[PDB]
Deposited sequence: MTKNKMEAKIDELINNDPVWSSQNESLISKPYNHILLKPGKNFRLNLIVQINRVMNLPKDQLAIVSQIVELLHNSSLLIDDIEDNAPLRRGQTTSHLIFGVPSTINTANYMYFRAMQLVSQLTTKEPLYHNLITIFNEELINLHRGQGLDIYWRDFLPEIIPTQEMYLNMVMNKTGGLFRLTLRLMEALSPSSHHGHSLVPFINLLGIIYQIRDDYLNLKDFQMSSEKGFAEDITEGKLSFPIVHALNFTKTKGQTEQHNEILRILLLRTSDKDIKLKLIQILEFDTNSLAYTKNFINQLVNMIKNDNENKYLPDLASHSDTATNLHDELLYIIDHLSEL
């Protein structure tokens, strides 16, 4: 009966959770926190707020939600991408293991969700805040799904430029739109800045893909080891199909499929994209055109310190 009394007191109570248990399972998350770039995701929110005007207490919460979602996404992305480093540091799953990292990352998504309720007391608004959160996280998982599928089942599907851009609108545009849509919904205060935040996500991503190869040609071109269907690689694959460069098209697939860390093999692929397909110049120029679409936006049809961010978008 002391057993039953114990079982009885157990089931008539909320589940026990100590602050100690909380520390033990937050290890993978505390590790990625030791990484920079933070002050920048914070500079973008701060700038957009000059327009949205939410009180600083609400802006702090919007910011905590996004940081939890962002860092958790990277903890996961690194398992998904077999990444050994993130922001010059050893990846969490390599230290604590994939099991703990996945669980903790998923855990933080729900803490993030929890915080949405500290943004309002109003039910109509709260319901909309949750829908935005739910929607963009659904979008993030969709693009991430395609990026991962194209790569892992290559050459089953060779994405075209169009397909890549759609994948990026979901994948990368997910959190960008999330942050902005929350702010536009909490604003006490012109046209929606969503097309502009979308163009930013796109630029951010093609730039991430591009710089990952160009800095090795001049990091470690880890994208090649991953086998990622990046902007430069998507152009090269399609370009070779179109110009009938069979041998080169196949060599590109062969190298991607090696998941190689050999610097010379990676450098060969890059030099193929440089001189054979001209995928690097194409990408650098595609980036510039997108940036000009904003820099030449006088009539403010995209646009509402703003541009300073566009050139330091790599540090977010």
Query raised in the report: Could you give the ranges of the deposited sequence that carry no C-alpha coordinates?
Result: 1-3, 193-195, 225-228, 315-328
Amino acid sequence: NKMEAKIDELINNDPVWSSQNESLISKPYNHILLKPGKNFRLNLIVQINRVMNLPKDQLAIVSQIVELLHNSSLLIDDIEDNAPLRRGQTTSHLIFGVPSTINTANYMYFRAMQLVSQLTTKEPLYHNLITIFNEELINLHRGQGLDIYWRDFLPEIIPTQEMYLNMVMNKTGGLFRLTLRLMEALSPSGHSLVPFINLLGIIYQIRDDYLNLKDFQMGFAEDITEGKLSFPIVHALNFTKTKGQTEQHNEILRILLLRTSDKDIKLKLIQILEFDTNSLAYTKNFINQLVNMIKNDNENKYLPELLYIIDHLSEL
From here on, numbers count along this sequence of modelled residues.
Report task. Can you check if, in at least a third of the other PDB entries compared, residue 22 has no modelled coordinates? Result -> no
Query raised in the report: Do a third or more of the other compared entries leave residue 36 out of the model?
Result: yes
Query raised in the report: Looking only at CA atoms, which has the higher mean B factor in the entry: 142-150 or 237-245?
Result: 237-245
Query raised in the report: Where do the C-alpha atoms have the higher mean temperature factor in this entry, in 159-167 or in 180-188?
Result: 180-188
Report task. Specify which of 216, 210, 204, 107 carries the largest Cα B factor in the deposited PDB entry. Result -> 216
Report summary line: Among 47, 26, 271, 260, the highest C-alpha B-factor in the PDB entry belongs to 47
Query raised in the report: Thinking about Cα B factors across the chain, which third does residue 174 belong to?
Result: middle
Query raised in the report: In terms of the CA temperature factor given in the entry, to which third of its chain does residue 96 belong: lowest, middle or highest?
Result: lowest
Report summary line: On the chain's distribution of Cα B-factors, residue 228 falls within the third called lowest
Query raised in the report: What third of its chain, lowest, middle or highest, does the C-alpha temperature factor of residue 43 fall into?
Result: highest
**Report entry** Chain-wide C-alpha B factor ranking for residue 222, given as lowest, middle or highest third
**Finding:** middle
